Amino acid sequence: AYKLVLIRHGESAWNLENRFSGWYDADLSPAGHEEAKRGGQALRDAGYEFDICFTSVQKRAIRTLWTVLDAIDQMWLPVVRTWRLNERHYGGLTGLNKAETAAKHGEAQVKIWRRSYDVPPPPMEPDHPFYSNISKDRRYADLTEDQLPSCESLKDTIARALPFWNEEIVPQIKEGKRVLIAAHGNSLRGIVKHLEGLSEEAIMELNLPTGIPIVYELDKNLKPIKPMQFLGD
């Protein structure tokens, strides 16, 4: 029975997890850092051991992983970072709070976006205050023109995450390597969807909690042999 563990980072600075932070590289808030500590301590009290870690290229996920690896005295582990595990790209909405989103686009369009699986929000355009900050970030310079999103539907997000799971993470798990994934709600969502074979309506309802380890036990075909478990209280 393979053992797999996911963790989702906690709160970021300037309330950005409630402002469609997306591909903006918001750091963790102090509270989010503390959550990561607690998730780490939990993994330590339970004596978990990993052999390799996967994360995104966004600092709030990376710091969550650093914090965890610190807590469990495993900062020596190999770490692979990939843009394919980034949070969903929210296009023009990146940085808007809920009221500003409604004011600028109207309630009807917002609802359709909230509930649609393959309707992207509007793309982030060059006068967006995050446009060059994200799309001209060195860390994406190896991405083809069609790989760099200006916006993403949830389906887009999953479609770009799944290839990295297939080609990079599955082979590690199959070799018996205990894997830890520190990433974001919507990239984790694609992994949980493909694991449990969930529906679009189902994955759009799943609300993964932040800062607590998410344990999977999988059979020899990478299928869950029970539901997901949490670690802590």
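Each residue number is its position in the shown sequence, starting from 1. Take the two forms, superpose them, and find the largest set of C-alpha atoms that agree within 1.5 Å; that set is the rigid core.
Farther from the shown form on average, by C-alpha root mean square after a core fit in 9 other deposited structures of this protein, is 106-114, of the stretches 159-167 and 106-114. Root mean square Cα distance to the shown form, taken over structures and residues in 9 other deposited structures of this protein after a core fit, is higher for 94-102 when 94-102 and 148-156 are compared.
In this crystal structure, the stretch out of 63-71 and 36-44 whose C-alpha atoms carry the higher mean B factor is 36-44. Comparing the deposited coordinates for 4-12 and 224-232, the stretch with the larger average C-alpha B-factor is 224-232. Of the candidates 100, 145, 137, 87, it is 145 whose Cα B-factor is highest according to the PDB record. In the deposited entry, the Cα temperature factor of residue 56 places it in the lowest third of its chain's modelled residues. Ranked by Cα temperature factor within the chain, residue 176 sits in the highest third according to the deposited record. In the deposited entry, the Cα temperature factor of residue 113 sits in the middle third of values across the chain's modelled residues. Ranked by Cα temperature factor within the chain, residue 197 sits in the highest third according to the deposited record. For residue 187, the recorded CA B-factor ranks within the middle third of the chain. Only modelled residues enter the ranking.
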